Each structure stands twice: as structure tokens, then as C-alpha cells.
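return atomic coordinates for the entry below.
(chains A, B, C, D, E and F, ligands or ions: 10)
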Amino acid sequence: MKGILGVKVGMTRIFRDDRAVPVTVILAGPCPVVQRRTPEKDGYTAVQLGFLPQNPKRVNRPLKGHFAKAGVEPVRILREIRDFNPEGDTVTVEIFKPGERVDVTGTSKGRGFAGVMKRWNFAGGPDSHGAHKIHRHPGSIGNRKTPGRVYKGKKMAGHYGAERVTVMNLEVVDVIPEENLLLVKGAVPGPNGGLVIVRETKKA
Amino acid sequence: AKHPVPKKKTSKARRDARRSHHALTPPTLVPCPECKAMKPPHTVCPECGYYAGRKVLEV
Amino acid sequence: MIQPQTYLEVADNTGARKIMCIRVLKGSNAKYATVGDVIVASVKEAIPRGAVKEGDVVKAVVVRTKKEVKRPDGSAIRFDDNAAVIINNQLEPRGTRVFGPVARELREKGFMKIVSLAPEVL
Amino acid sequence: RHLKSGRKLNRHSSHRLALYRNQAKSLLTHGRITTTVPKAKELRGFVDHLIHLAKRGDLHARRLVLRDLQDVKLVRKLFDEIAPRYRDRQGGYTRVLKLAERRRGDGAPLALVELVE
Amino acid sequence: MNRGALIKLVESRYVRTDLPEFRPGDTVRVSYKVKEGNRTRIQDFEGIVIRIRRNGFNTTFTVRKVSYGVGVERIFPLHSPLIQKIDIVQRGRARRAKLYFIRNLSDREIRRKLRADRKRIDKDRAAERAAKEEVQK
RNA sequence: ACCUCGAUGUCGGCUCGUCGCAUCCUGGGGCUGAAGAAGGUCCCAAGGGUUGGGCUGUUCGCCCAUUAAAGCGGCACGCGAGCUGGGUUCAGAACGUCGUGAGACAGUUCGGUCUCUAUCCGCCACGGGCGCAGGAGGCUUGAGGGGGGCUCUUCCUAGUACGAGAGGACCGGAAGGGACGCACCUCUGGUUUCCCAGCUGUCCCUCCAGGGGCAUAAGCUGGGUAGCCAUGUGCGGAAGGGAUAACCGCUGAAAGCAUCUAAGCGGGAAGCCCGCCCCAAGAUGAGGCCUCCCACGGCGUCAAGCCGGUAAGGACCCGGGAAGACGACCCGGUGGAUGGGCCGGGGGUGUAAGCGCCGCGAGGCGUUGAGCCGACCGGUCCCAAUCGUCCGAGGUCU
Ligand SMILES: [Mg+2]
Ligand SMILES: [Mg+2]
Ligand SMILES: [Mg+2]
Ligand SMILES: [Mg+2]
Ligand SMILES: [Mg+2]
Ligand SMILES: [Mg+2]
Ligand SMILES: [Mg+2]
Ligand SMILES: [Mg+2]
Ligand SMILES: [Mg+2]
Ligand SMILES: [Mg+2]
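Numbering: from 1, shown residues only, chains lettered A, B, ... in the order given. Ligands and ions are numbered 1, 2, ... in the order given. Find the structure here:
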């Protein structure tokens, strides 16, 4: 399964034959090979990639040793991607021809503590008629003595966001070998400037 | 006299185990550039002053 | 976007002049109906001695919408009303004339006979 | 949730905007001023803007300082006495320093806002 | 990194400029390509520009046209690759940005609220014609 | 009638689901009084879905328009420490009926107070301690768990098979919809509490001009960046792999014939399990990998630890964040762009004040697309994270 590391800059639209394709733009070029994973010594095949260079202003962590063990230069953060064994060098978006389908994995926008509606698209209740104190309340969680308890997995008020949200089957519009860019069908998660990883779409 | 209600008088450990998360973090502090005083981070000590912003008190 | 209980206007010489939707003909549990869609309406207002009189149960096609129309060419288009043309199981309109602009959207839906007699297509 | 743009606040709008207007008077009349940290952290900005308009030479600016300061003898001071001391300075026209103490019967933190000099 | 917004602009090779200028409060016509069933037309569509939503590349404008007794509005994007010709016809004083009242109050009462911004007229009438002599020599 | 006479509040509706299968639709199969499609009948199977209204308290039911179908049932006729008082069988009042009555009705009508403080279990989320046989940084595997699974229409093959016409296909492939779900802001469309302007009345600065307060907790109105959302956008269900249910066969004996089974083999459903997405090593079974750090100063006479300064690292403090209720998570801390200021771009409002010209005038015209400015995108050390404090290993046994 292919893979590449990118970061979100936003989204606009191009035009195709005679229609407007909403896109989103991502910087994903300079991802260098770091540490691979051997089915002999690690248990699988996977290639570590780092992104976003950064002058060593705290990286005195052993991570400095990680980059010397592969001639790499200090990157901001650095993640893996499985079933992707390319050539021990630098992988860019130029492996993505204007046609392939992609699978993006980014972060979710954090929406703080959540209301049960907002969180699970309930209905809350009426604006009137009675009680007032139930305009966005849950409304009934159980039965009575039978079963007596409250189920697990019960949708209740909590926390929405800050999760890994993978989207699938976005198609590449164009690609930029000059300034290292990637474009797909638009709806990509994450805030405009955050973790976001791209890889080939599961299919055939 | 109203709605939900404790059922059984909460026991001692019961009452007390909740209260572990209640002990106070003692105040953190540094010593003044000039004074031999003890003083918070990013502060101006109630005796000295500074070197770009006064405080200078009196006798 | 057209939901049940929604007085549409009437854009053809069929006779009627104002009708209220009953259900959208686009699926089972479906919500709205933009242009180019067929609805079941009840003629709630109609010219005397027409071809469709008041209190009837008609089948009409929507050619307008106060909602917008994100045409896939980016462009958008909207009107100041909601208007339908009364048709039939045979689809072909029952009036002998249509007035008012009709969206391009209909022409794609095989409703050729209306954009043919269209006074202006948009 | 909120706070994806940016602001600090408490109490309603008019009270908030008028409070920002009372400090400037209480600032430009003294200099060394002691209020609360967040009331100060938001007071730096509302000041420099006015200070920066006053560095400009345009009676337009005055009425825009009068818009927040209803007293000329509080602003004619600001112009021909304060603004020159900040010429050749592209900003920064307000220092703010955390204090150390904290008032009784309140436990709130305190800080100092002296016009940088 | 610190080019975060230049990136989009770099992606804007689809940028035109033969568009003449204008601003809300005047009438104009475009010319547009529609899949005309079997083919494609130049649908000249003349009306009043109502709203202008600017955002660099994807800046849109909304045109309103009263056709055959029906108040219509039409929303177009500025850099749309479908605008063959586009030429103004008249200009008018603004007083306000948007104008969602020509919706409700559409009549002669707009023939007095528009009024001829004759200032830009001379401006338009200047470089349009007096600068033609700055070509033929 | 055993339970509750110190409340079992006796029908629905709102939301919230869950389970059952005797199945409503989709799927698989047999027989058919099955030409074909279509239908009937039954065998397997919960995966998903099962619309919106009219009528009255109603669930029940008839109806409207659709529809792949508009399934039945349990969960205290599910659900008032969630809502609903709507009625029901309080006190008021009237109609009918019984007694001469006082009242009464398993008859009727109108009106009629539902308890802020969650102690324990349960649940949705988030943290501190500890443990993970030394300590720390970063990156992963997947036992285990959860979520979604729906479905119509059209078309080519071909108006070919079939039938005498009408009608009219199986298998395969293509395109378009409905809802539901996850994310997003580019466009569409909402908000945006003082970002911009217009307006009234009044009171102020200072008389004119210009400007501020109050008329909300905005005075009202017109437009609205960022941000957050749906009506708007992108995507998803699937393909595919294996084993199965109903059913269909091959080989073949008991039983010189037959038989799908008794040894054995194949085909076979949206259903089972992998594949898809998400959590996840508290997986006391506590993993795997890369890297960085490294002894004992002295007590505890043998012990497990102790009273102190460290390493790699971390916290504290600060400036902060599309992160967030605290806490937690992440960026920055003078080698830095983290906040505020300032510059510029985008944008928003739409010709500022002043002056001059014109008009007896309210006003208009040129300076003018001027003036002002919250988030957006970048820049600039001007102010502020300056200075420093605290924690923390010295590696058990065959
Ligand atoms: Mg509501
Ligand atoms: Mg025509
Ligand atoms: Mg804030
Ligand atoms: Mg207060
Ligand atoms: Mg007020
Ligand atoms: Mg026969
Ligand atoms: Mg099922
Ligand atoms: Mg918007
Ligand atoms: Mg109030
Ligand atoms: Mg879909």
C-alpha cells in the first residue's frame, strides 16, 4: 500500500473540461526514508517518514540519534506507513499521477464537550408545549427494573473531535513537481495546518 | 425535604478516599535577581523593584 | 426545495394558478424537491372552467425554486417564486403553453416538450 | 464550544467596551497602573492603537481618540507630551508586568501596566 | 510553510484578466456556454449586478434579471472559464454594498434609486475612446 | 392472588433504543393448476431498512399521496428522580337516570399546582496515584471491542429466449436517485454582541461642525471576514477470500437394483467469518522496534529501603493554540515569531474629517472607492515568555 506524508493548507477549486471541481491542497513533498520495518526483525513491512524540517532547538531527545542513523535531517514529527517499501531515498508526490484514487487520514476538528444532539444528531425535543427543561436533553436511557441497568455503547453526552478520521476514494486532480503539492476531491478533515497522511485507496 | 437522596450514611474511608485529590500543591517560587528574597516566577518582589520597571517601596 | 403543504404557482395555460404539494415523487422517505422533479399536488386555486379545477389531485413538474441551484458548472441560479407545470402519467404537459423562465435542469430530464415551448431557458 | 477565533472577555459588551475606555483615562493620567492580569492583557492592545493614532498628525485622529476619551485635557496631554516619546518606535507603546501579590478577599492575581518609556 | 496562502495562488493558473471592471450598483451582460442539449450556445444574459463575494480567485458575483414577468437572480464566478464576452452597459451610484431590496421593491422605484453615476461614465468614456488615438499612431 | 395499604400514578404522544422471529421489502431454494414476465405456497436467514399526513385523548382502525415494505411481539401495555396532564375515577359546576330526599353513576361536558441540589450501582467522557523487574524520548503489531451494512429507476446485450399476438426475460455490464453515516468551508446558504455605515428622541463634550452615553442583558436598521453549521460539498455501504443454512449434485455400499452420506468430494444467501473504518498492551498475558542515559556519599551490622546532589528526560512558571469544563493534548520560551503592538496582502463596510465649488435650503459635487478595522495569510524583536526552581535510575533469583 503506497503512502506519503502531507500537511493541510486549505481548499479551493479548479475547473475540469467544463465544470468546477472542489479540491484541497496539501504540502507532502519532502518526506525522506528513515527507518523501515523488516518482516524478519520487526514483524512486518513499514517505512518511517518524517516531515516539516526544524532547527534543533529542543530535539536533544534521543530522536537526534534517530536521524543520524539514517542521514536524515531534523523533521518536526515523523510517522509510519505499512505495506510500503520504496527506494531508500526521498519520496515525493510525483508517484501520484492525475487520476489515482487516494485515502487520506487526518485529525478531526476538536469540538469540545458535546451535546447529545450535536454529537449524535438526535432531536432534543420540542421548543414549547411542556417542561422547557428538555430542549436538548437526551430523553430516556433505559426501561425499568428489566434489565435494570443502562446499556453500554449508549450514545450520551460527551466529547466530539480530536480523533483519527480516515476518508476514502478521493481523486487526484493535478500534481506539482515544482513546489511539491497534491490535490484531491476537497472534503479532507483536519484544520488547515495539521497532521494528515495520504495513501492508496483500498480496493482491488 | 426533596428530590434524589443519599440512601446510606457515606462511611469514613468512603468520605475520605474522595478527599485524596484535595491536598494542596505547595507554592512554587524562585529567588530575586538581586534580593536574597523568595519570590514567584515572572514577578516583582514586594521589597525590591527591578531594572526596567520600578516597585521601590519605603522605610 | 419543495416540501408538502407548499403553495406553488402555475406556469402553464392548464388553467390552475396555485397548488400545494402533497408528496415528492423522488423516492420512498424523501424530503425536498428542487427543480426538474415531479410532485403530487392538490389544485387549491384555479381559473373557472379550466382543464384542472379546484380540489383536484394532479401530477405536476417543478420548473422554479426560491432555493438556489448549484449547477455543477459552479454557477448558480434562483427565482423569486416556486412554479410548476401540471402534467400527467404520460408526462407530456397538459396545457398548450408555458410562461415563465424554466431552468435548464428540466431539458436534461427528457422534459423536452417544455423547454421547447420555453420562452427563455436559464 | 467556542474560541476558535480570539478574544478575552467578561461581563456584557457595553460594560466591557466602556471598561477599556476607563483604563485608558486611568492609564494616560498616571502610567504605572495595577489591575488584574486578563484585564491588563487585553488593555495593552486598546491602548497602543490609540497611542499609534496619536503619533499621527491629523485632527481626524483626535476625534478618534475623543471617541474613546471624552476629555481633551486628557488627550491634548496625550498628543503633545506622550506621542513624541514614542516616535521612531514601530509599536510596543505599553509595558505590562505581572505583579506578585494578590488582594485579600478575592485571591485574584495582579499585574502592572506602565506605559513603556 | 510561511507561504500557506501563496500556495492557493500558485494553484491559480486558471486566472483571467480580460474582465473589465465594475462594482455593485449597475447593469451589465455576460455571455455564457450552456450544454444546449445537442450543442452549446452563447447565452447573452443581461441584468443588474447585486452582490459581490470577493475571495481572490473564487470571487463570485450575482446578477439579477427580470424575464417575462419573473424576478430572477443569477450567480456567476468571476474567473469562470465560460465567459466569452462580457461588456457593461450602464453604471450607477451605490450608497450601499449589497442591495437585497431590489428583490422586494422591483419596479420604476429602482429607476430612481439607481441613478446614473456619471462620474465613472466620463471615466469609462475616457479611456474607451480617447485612448484609441494612443494605438493608431 | 404470594408480593407493594409509609404511593405498583393504571393510554397514548416526544425523544432513546434493545431484543425475538412465527418475515413486510430486499437475498438464497423447492413445488406449482410455474410459456414468458408476474403470482401463489412453503424451507433457511436479522444484515440493513420499514415515509410523511387527515380524523378523534387514543395506541387500534378507515382514509390521502407515495412506496422495495409502509411486520407483529417483549422490555412494569418500555421509558413523569427525562418530558407531556391530554384524559382519566379528587374538592367546583351543569345535562341525563335511581330514591321524596342526602347523594350516587364501569354515562356526559367545562376548569382544575408533576418534588433545582444524584449517596451507591449503571452509562457517556476526562484525569491523578500505581504497576508494567533500571530510567527516558519517539514509532508500531494486533489478542479484545465497537461502528456501517439499506435500496429504487433507467439502459446495452435484445423487443433476442418464450408466446399466436400482446407482452417479455435469466447471467453480465454501464449510468443515475432516495434516505442514513463520517468529515469539510472552496462555492451555495445561515450566524458572527460593536467590523463598517445610515436613523430617530434625549443628555452630555464645546456654540456650529464633529463625537460619546441611554433607549437589552446590541437602541433600531442595512451588509459581513475569520470561526462554527445545513439547505451546500467530498466520500462510504461495496468489490474480493474462505466456511455454512434452505436447496442441487458426483462417487457408492450396506441392500448383486436405487440412494447426496453412513467413509469422501463440489455448488450454494444482503446472512457467519476475514477484508473496510475507529479505540485498544490495566493484552498483571501489561508486547515488538529504533535511540539516549548510566554504578553507591554515608546509614540501615546479612535484608526490603533510607538521609542527600545527578545523567538522558520531565515537570513546574510563562506566552499560547482550529486543544480544552478543571485536568489532559500540542507549538513557542531571546538561537524564538507564542501572545499583544505595528506593516502589508485578502476581506468587510462603501466615497471619512477638513477644504473648496454650487444651491436663499435640507443637500449635492471634486479631493475619493476615500476613511475605519476582530479573528484570515505572511512579515517585524516594539512590549511580554526575562531570570530560574523542582522531580527523577544507579539495574531482584536458579
Ligand atoms: Mg427544535
Ligand atoms: Mg425554446
Ligand atoms: Mg482568549
Ligand atoms: Mg461582574
Ligand atoms: Mg446597552
Ligand atoms: Mg400453459
Ligand atoms: Mg433482517
Ligand atoms: Mg458562508
Ligand atoms: Mg434581564
Ligand atoms: Mg451515497
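
can you name the residues in contact with the helix or strand where residue A:49 lies?
According to DSSP states H and E, residue A:49 maps onto strand A:46-53. Strand A:46-53 is contacted by residues A:3-7, A:28, A:30-37, A:67, A:72-86, A:91, E:1 when judged by Cβ atoms under 8 Å, 6 or more residues apart in numbering or on different chains. In short, each C-beta sits where N, CA and C put it, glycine included.

can you tell me which residue is spatially central in chain A?
Residue closest to the average C-alpha location in chain A (Cα atoms, centre = their mean): residue A:106, at 1.2 Å.

thinking that residue is in contact with residue A:192, fair?
No - in this structure, residue A:106 is not within contact of residue A:192 by Cβ atoms under 8 Å, at 10.7 Å.

what residues are shared contacts of those two?
Common contacts of residue A:106 and residue A:192, defined by Cβ under 8 Å, 6+ apart, comprise residue A:8.

contacting residues for residue 93?
Just so you know, I chose chain A. A:4, A:6, A:28, A:29, A:175, A:176, A:177, A:180, A:181, A:182.

please refer instead to chain E.
Counted by Cβ under 8 Å, 6+ apart, residue E:93 has contacts E:25, E:114, E:115, E:116, E:117.

quickly check the residues you listed for the two that are furthest apart.
E:25 and E:116 (10.9 Å; Cβ to Cβ).

who has more neighbours out of those two?
residue E:25 (21 against 12; other Cβ atoms under 10 Å in any protein chain shown).

can you tell me how far that one sits from chain A?
27 Å (Cβ to the nearest Cβ, to the nearest Å).

ok, the residue nearest to that residue when sequence neighbours are not counted - how many residues close by?
Nearest residue to residue E:25 in three dimensions, chain neighbours excluded: residue E:94, at 4.1 Å (Cβ to Cβ, 6 or more residues apart in numbering or on different chains). By other Cβ under 10 Å, the residues close to residue E:94 number 13.

doesn't residue E:24 make contact with residue E:94?
Yes - with contact defined as Cβ under 8 Å, residue E:94 reaches residue E:24; the gap is 6.3 Å.

which residues touch whichever residue of chain C sits closest to chain D?
Closest to chain D within chain C is residue C:70: 26.7 Å, counting by Cβ to the nearest Cβ. Applying Cβ under 8 Å, 6+ apart, we find residue C:70 in contact with residue C:76.

and it, helix, strand or coil?
coil (DSSP: H, G, I helix; E, B strand; the rest coil).

phi and psi next, for it.
phi -60, psi 80 (degrees, to the nearest 10).

let me see the ranges of the strands in chain E.
Assigned by DSSP state E, chain E shows strands spanning E:26-30, E:33-36, E:39-42, E:45-53, E:60-67, E:70-77, E:86-91.

point out the most buried one among the ones you listed.
strand E:70-77 (a mean of 21; mean count of other Cβ atoms under 10 Å in any protein chain shown).

so what secondary structure elements neighbour that one?
strand C:76-79, strand E:45-53, strand E:60-67 (3 or more Cβ pairs under 8 Å, 6 or more residues apart in numbering or on different chains; DSSP states H and E).

so what's the residue count around the residue of chain A found nearest chain B?
Relative to chain B, the nearest point of chain A is residue A:133 (13.3 Å; Cβ to the nearest Cβ). When counting by other Cβ under 10 Å, one arrives at 7 neighbours for residue A:133.

again with residue C:46
22.

partners of it in the sheet?
Residue C:46 has these beta-bridge partners by DSSP bridges: residue C:16.

hmm, it is touching residue C:13, no?
No - contact criterion Cβ under 8 Å: residue C:46 and residue C:13 do not qualify, at 11.8 Å.

got the buried residues for the helix or strand harbouring residue C:20?
According to DSSP H and E, residue C:20 maps onto strand C:16-25. Applying a neighbour-count criterion of 16 or more other Cβ atoms under 10 Å in any protein chain shown, one finds C:16, C:18, C:19, C:21, C:22, C:24 buried in strand C:16-25.

wait, does it contact RNA strand F?
Yes - judged by Cβ under 7 Å from any atom of the strand, strand C:16-25 and RNA strand F are in contact via C:22, C:23, C:25.

which residues touch that strand?
C:2-10, C:30-33, C:37-47, C:50, C:52, C:57-60, C:84, C:86.

next step: those residues restricted to strands.
Per DSSP E, the contacts of strand C:16-25 map to strands at C:7-10, C:38-46, C:58-60, C:84, C:86.

tell me the buried residues within these.
C:8-10, C:38-39, C:41, C:43, C:46, C:58-60, C:84, C:86.

pull the number of nearby residues for the closest residue to chain B within chain E.
Nearest residue of chain E to chain B (Cβ to the nearest Cβ) works out as residue E:2 at 29.5 Å. Burial of residue E:2 is recorded as 5 neighbouring residues (other Cβ under 10 Å).

one step back: does RNA strand F have contacts with the strand holding residue A:49?
Yes - judged by Cβ under 7 Å from any atom of the strand, strand A:46-53 and RNA strand F are in contact via A:46, A:48.

partners of that strand, with directions?
Going by DSSP bridges, the partners of strand A:46-53 are strand A:31-36 (antiparallel), strand A:75-82 (antiparallel).

save those strands as CSV, and put in mean neighbour count too.
Below are the strands paired with strand A:46-53 laid out as CSV (neighbours: other Cβ atoms under 10 Å in any protein chain shown):
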stretch, mean neighbour count
strand A:31-36, 20
strand A:75-82, 16
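
want to throw those into CSV with distance to residue A:14?
Formatted as CSV, the strands paired with strand A:46-53 follow (distance: least, Cβ to Cβ, whole Å):
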stretch, distance to residue A:14
strand A:31-36, 24
strand A:75-82, 27
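
in CSV: these, plus distance to RNA strand F.
Formatted as CSV, the strands paired with strand A:46-53 follow (distance: least, Cβ to the nearest atom of the strand, whole Å):
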stretch, distance to RNA strand F
strand A:31-36, 6
strand A:75-82, 3
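
with respect to residue D:23, which of those strands lies nearest?
Closest among these, using Cβ to Cβ: strand A:75-82, at 40.3 Å.

which residues sit against the following helix or strand past the closest one?
Note on strand A:75-82: by DSSP H and E, the next helix or strand toward the C-terminus is strand A:90-91. Strand A:90-91 has contacts (Cβ under 8 Å, 6+ apart) with A:4, A:30, A:31, A:32, A:33, A:49.

much appreciated, bye for now.
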